[PDB]
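Step one of this worksheet: look at the structure below.
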Ligand SMILES: *[C@@H]1O[C@H](CO)[C@@H](O)[C@H](O)[C@H]1NC(C)=O
Ligand SMILES: *[C@@H]1O[C@H](CO)[C@@H](O)[C@H](O)[C@H]1NC(C)=O
């Protein structure tokens, strides 16, 4: 009677009774339940949330806020609420003093309500003090209080409306005004007050809105709506992204990880420190909220099927009051909304934690790379140290979203199995077995398609390299007329790729069959066992449609669990890698005693006493007991035998090498120039200043003194000229010169130079020695350590040190070492001896597949979905069957028809997948054949104007995404779209008012994809573009760690790395928030759809059949996942289909003349005799430029040897290009053997003359293929050419006599042998006309002597119309035609040209 007497002294009003609360046409809570629970639940929530929230606020202060009107009103309303709450308490005390007996509840509930109201006021004050603008706890507390007070208000209004019930006017009016105040407090809690007075973000012009967004705007992610609208209205660039939150900046994230790791390493000082412990301690506090939210979402997920069971029971029962269904549908909608909010908060927390982990790891790795010892860095390679940011920190980034799965997915699986066992008996095993047996099948198939993928990509790389080689040699290919052979070879390689693609297509067909038809298979197995095991097993709507809704939510934790565990093991290997790197021994800072230049301890800037060093503890010491001192300002030299240890003394003095024993000290700033130059990917000028103020006078002085002024003239922009990506054109001497210039401009005290002169010749060498470093140099009043192998500059230098195998042989001035003649005696003697993609792109891709295959695929897909819909409707009918004599009739027929429909769906799914995949390979074949033909038919002009990068990208990446990506996107997009359509048609067929709700909610509010699609695509682009520079900077800083450490520039580079990481996160964060935004909106659409389906089912409960209701609600439960899939796949289609537009881009660019036109085929005159003819010819590179060739008229019979002579840009190479009409003759004409070659199809003539460039290119393949791709000539002719190429003996000396594969461009042969092979090809093709365009100056006087003697013996008969600037080889030619100014000067035999002392003789004298 504890609860019963607590109601009243007589215990008349019961605490809970279905008599009034549930089994009645008008529900209402009994007065005890109101006055106890409806007032204890909000008090309980506030008092349980205060401890944790106060602990969090004490650990999280955002400053201070003024007392504005809003907060003053909220405090005043809180105090008024407490006094009005104690009003009824005082009334009850007065009544008890009056003698009237009253219950304990009236004397306990108001007390707790008043104290919790005062608590709310106090916590609102402390929230103001601690700087929170929109309270989350208060909003939910007020919402709970308003809901409970609303229930009590409805009860009280109903009771008062009774014309016989007693009314307690005092308590009624007190509760009325309490309700009004609570409602106004809730409406005020939605607002936000002024920003904190300590808002340091005032300087920041573009802060992240999340810092100052309301709680409602924060759970719905509304604050990114402006960004997503703008991203569709106009393009988004990096200038528009918001600044990061202070808690996300690397300057606030990296130090905590660094400090925690240092603390644990110190603790371990045995047992190796564990990076997992540090990462956990550092990032778990913000990650446990993820566990809480995930648990809440997992629990709320199962509230769907149970409420569906209740709704089905309500529809079947026709004696239950109508409001029960409305209660159920409201409950379902509320649960779905809460679940979506909680899940997306969980995802946000996980993603932000991953972002922070990535930032911290990148920063810690960067800061460690600058202090790792030389042995540690030399253990690994720079490409593997960079991978610590490239892959090893992205794995931690992505695992944060999957780590929680390891406990959530088993929980979901066990809950689903338990509910299935409760709902449908042990026959659930028949479906869980099919689902568990499915995952080994798809894992095996994934491996079997991974092997096919790698096998196809390895075969595709052959074509890709063949492309990268052929386009590089397009001119010679066009010039020989060999394009058909290479077209055929590429086509064969494409055929191999397409076979592999067909096999992968079969695999993908079976895979999508499994993925689509697994739920039907599970349902069939379960229902078959359940109904066949026992006759009394009756399939009802709550057994079938509750089981399916639970099978769907058991599907996901099983299908994604193997991926999660694989990701965990990969992250384990990642963490071991990072732990090994971060545990490396670091340089001992105090081994090198640095002291300020102001110290007057002694007049020597460098001192050393018995110092020995080594690059590793175990390795033997290199420098042995050196002891020397360098007086301040002296110019000291260290010269000795190479490899004897002179080149390591500077590095030892820079603290690079471990100091085993000794005592050395260096004063002042240190400037260092290493032997291997370090150059950044920035402008030459910025590289020279190395981050200092530009003093124009001093900068000019150092650049002119360092002899850089002639160098900046060659490159376009001068000092402003950016070095580009890793030295666009900088040579070794240029690199050393700019490094030295940076060293001088730094203006340090001691200068350690590791032979900056080595890669520089003597002339400008001695120039810079005199101007910058020597006794007359720029820094002649500084301390300089020189290690160099030069002799002539040694005498000027003050005191000289000679090394011997890591020991100090002797030191002194140069006169003294002349006198004693010690080590330097031998040294001188021996050593010195956009918008939306057009629909026409989709249409032309559909044509590329084939309209027949496309129609077949669409027909099969529609058949699949009609089969599935009819199957679900048939299941509904089966569950609608009656119970007669304890058993259901028609059981066998229902089961058989269900099975038949399912197998029809399965075979149809398999068919449509195979059809679309085969059509995809068909399209991939035709598109590539067309692209190749169009490119190979285009003129050379298009080849020079279009950078080769675009063509290789078009052939590799666009073709790859067309072959592999888009056919699968078609699968998934069609699946999602028609799943959504099927759900909608089911819903609106069961209840046609769904047709009313769908327009104002489906189409209109589904234009939220118009913004996400436009904006996320831009944001991911920015993310990748900003992701690359972080790794670029890490590599660039790893290359030059010693230089940075010498100049004391560690802070600058750490700050730059921080900026690069922050710029990448600036684009990464909006992408995550955008995903959350779209997910919230789409799941809101789905929740509303399920609400309306259930609500119209409740309205039409008297006409629906209790099986249609379950079907509609079950499909509505899936609508949300289908919508998310559809939007994501629509975006992934839009951003990826443009590859088809790109692959057909050159389908209309102007092509060459018709290759082979057979209407006027010529006779077999051939060029043999070597005739040359021109009739007022004229050619020009591009018609807007100047005519390089003007009015050439000549007609000479064959059998002659004429060379062509001219000055720079005279018209020689243009004539060579115009010989084979490779450029269309604007004016004039050329006729050979009475054939107008300017008209006939160029293939019909290009094979019937010959030409060879300066360096004729070879190809990756057999020497037989290079000599003849058609291989029509007999191998005896091959050997003929080889002997006339002076190679038969050498070629036979190769392992393969005739088919020895030759590398690209003749790499398998030396450059001299390469030109020998080019001569070999030239002769081998049975040729007449040959040319050496500038080749005379690039070939040594022995091999070109061979080629000349061949023109005397082999091309004695052949006609050579060449251009040799070293025409001394061709003076013996019968005649020479001299041309200049783009026109013919004169002609004749070389004799009278010599005697006339003319222009030709003027170049002859040169
Ligand atoms: C609900 O209340 C009374 C209380 O005894 C119960 O006997 C009866 O079944 C119900 N009476 C109504 C609805 O009048
Ligand atoms: C529920 O309400 C009906 C109608 O008043 C009544 O006949 C029935 O006895 C009640 N059944 C239960 C279990 O409360």
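Every residue number used here counts from 1 along the chain in the order it is shown.
Structure determined by electron microscopy, 3.2 Å.
Using N, Cα and C of the backbone, Cβ positions are placed for all residues, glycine too.
Annotated ATP 2 binding site per Swiss-Prot: 1206, 1207, 1208, 1209, 1210, 1211, 1212, 1213, in sequence order. Annotation for residue 1207 (ATP 2 binding site): spatial neighbours 1380, 1403, criterion Cβ-Cβ under 8 Å with sequence separation of six or more.
Feature annotation from Swiss-Prot assigns domain 'ABC transmembrane type-1 1' to 287-570.
Swiss-Prot lists 465 with the feature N6-succinyllysine, giving similarity to another entry as the kind of evidence. For residue 465 (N6-succinyllysine), the count of additional Cβ atoms within 10 Å of its Cβ stands at 13 [all protein chains shown].
The topological domain 'Extracellular' annotation in Swiss-Prot covers 1-33 (among others). Taken residue by residue, the topological domain 'Extracellular' (1-33) breaks down under DSSP into 13 helix, 0 strand, 20 coil.
Taken from Swiss-Prot, the feature topological domain 'Extracellular' applies to 96-100 (among others).
Per Swiss-Prot, topological domain 'Extracellular' is recorded for 155-172 (among others), and the stated evidence type is similarity to another entry. Distant neighbours of the topological domain 'Extracellular' (155-172): 26, 28-29, 31, 34, 88, 91; these residues of the same chain sit at least 6 beyond its ends, with a Cβ under 8 Å from one of its Cβ atoms.
Long-range neighbours of the topological domain 'Extracellular' (300-325) within the same chain, counting only residues 6 or more positions beyond its ends whose Cβ lies under 8 Å from a Cβ of the stretch, are 23-25, 27, 331-332, 335-336, 338-339, 342, 412, 415-416, 419, 423, 541-542, 545-546, 549-550, 553, 1094, 1097-1098, 1101-1102, 1104, 1106, 1109-1110, 1113-1114, 1117. Taken from Swiss-Prot, the feature topological domain 'Extracellular' covers 300-325 (among others), and the record attributes it to similarity to another entry.
Secondary structure by DSSP for the topological domain 'Extracellular' (531-552): 15 helix, 0 strand, 7 coil. Per Swiss-Prot, the feature topological domain 'Extracellular' maps to 531-552 (among others); the stated evidence is similarity to another entry.
Under the heading topological domain 'Extracellular', Swiss-Prot lists 868-904 (among others), citing similarity to another entry as support. Taken residue by residue, the topological domain 'Extracellular' (868-904) breaks down under DSSP into 26 helix, 2 strand, 9 coil.
Beyond the transmembrane segment (34-54), the same-chain residues lying 6 or more positions past its ends with a Cβ under 8 Å from any Cβ of the stretch are 6, 15, 105-106, 109, 112-113, 115-116, 119-120, 123, 126, 137, 140-141, 144-145, 148-149, 151-152, 155. Annotated transmembrane segment per Swiss-Prot: 34-54 (among others), in sequence order, evidence recorded as sequence analysis.
For 75-95 (among others), the entry in Swiss-Prot reads transmembrane segment.
Long-range neighbours of the transmembrane segment (101-121) within the same chain, counting only residues 6 or more positions beyond its ends whose Cβ lies under 8 Å from a Cβ of the stretch, are 6-9, 32, 35-36, 39-40, 42-43, 46-47, 50, 74-75, 78-79, 81-82, 85-86, 88-89, 92-93, 95, 138, 141. Annotated transmembrane segment per Swiss-Prot: 101-121 (among others), in sequence order, evidence recorded as sequence analysis.
Taken from Swiss-Prot, the feature transmembrane segment applies to 326-346 (among others).
Residues or ranges marked as transmembrane segment by Swiss-Prot on the basis of sequence analysis: 427-447 (among others). Beyond its flanks by at least six residues, the transmembrane segment (427-447) meets 417, 420-421, 507, 510-511, 514-515, 518, 521-523, 525-530, 533, 537, 547, 551, 554-555, 558-559, 561-562 of its own chain at Cβ-Cβ distances under 8 Å.
Look at Swiss-Prot and you will find 553-573 (among others) tagged as transmembrane segment, backed by sequence analysis.
Annotation source Swiss-Prot lists transmembrane segment at 847-867 (among others), citing sequence analysis. Panel annotation: around the transmembrane segment (847-867), residues 516, 901, 904-905, 908-909, 911-912, 915-916, 918-920, 922-923, 926-927, 974, 978-979, 981-982, 1140 of the same chain, lying at least six beyond its termini, place a Cβ under 8 Å from a Cβ of the stretch.
Listed by sequence, the residues of this chain that lie at least six past the ends of the topological domain 'Extracellular' (531-552) yet keep a Cβ under 8 A from its Cβ atoms are 302, 304-306, 308-309, 312-313, 315-316, 416, 419-420, 423-425, 427-428, 431, 435, 519, 522-523, 875-876, 878-881, 883, 886-888, 891, 895, 1106-1107, 1109-1111, 1113-1114, 1117-1118. Measuring straight across the break, from residue 833 to residue 834 at the CA atoms, gives 67 Å, with 82 residues left unbuilt in between. Each residue in 1214, 1363, 1379, 1380 lies on the same chain as 1206, 1207, 1208, 1209, 1210, 1211, 1212, 1213 and has a C-beta within 8 Å of the C-beta centroid of that ATP 2 site, without being one of the site residues. Neighbour count (other Cβ atoms within 10 Å of the Cβ, all protein chains): 23 for residue 1212 (ATP 2 binding site). In the deposited model, 38 residues go unmodelled between residue 269 and residue 270, whose Cα atoms sit 8 Å apart. Each residue of the topological domain 'Extracellular' (155-172) gets a DSSP state, and the totals for helix, strand and coil are 11 helix, 0 strand, 7 coil. Each of the binding-site residues 1209, 1211 was scored by the other Cβ atoms within 10 Å of its Cβ; the lowest score goes to 1209.
Annotated pair residue 465 (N6-succinyllysine) and residue 1210 (ATP 2 binding site), C-alpha to C-alpha distance, rounded: 36 Å. Sequence-distant neighbours of the transmembrane segment (326-346) (same chain, 6+ residues past either end, Cβ-Cβ under 8 Å): 219-221, 289-290, 293-294, 296-297, 300-301, 303-304, 307-308, 310-311, 314, 404, 1076, 1079-1080, 1083-1084, 1086-1088, 1090-1091, 1094-1095, 1098, 1120. Here the topological domain 'Extracellular' (300-325) is broken down by DSSP into helix, strand and coil counts: 19 helix, 0 strand, 7 coil. Cβ-based neighbour count (10 Å, all protein chains) for residue 1206 (ATP 2 binding site) stands at 22. For the topological domain 'Extracellular' (868-904), the list of distant contacts is 517, 520-521, 523-524, 527-528, 531-532, 535-536, 538-541, 543-545, 982, 985-986, 1105-1108, 1110-1111, 1115: same-chain residues at least six beyond its ends, Cβ to Cβ under 8 Å.
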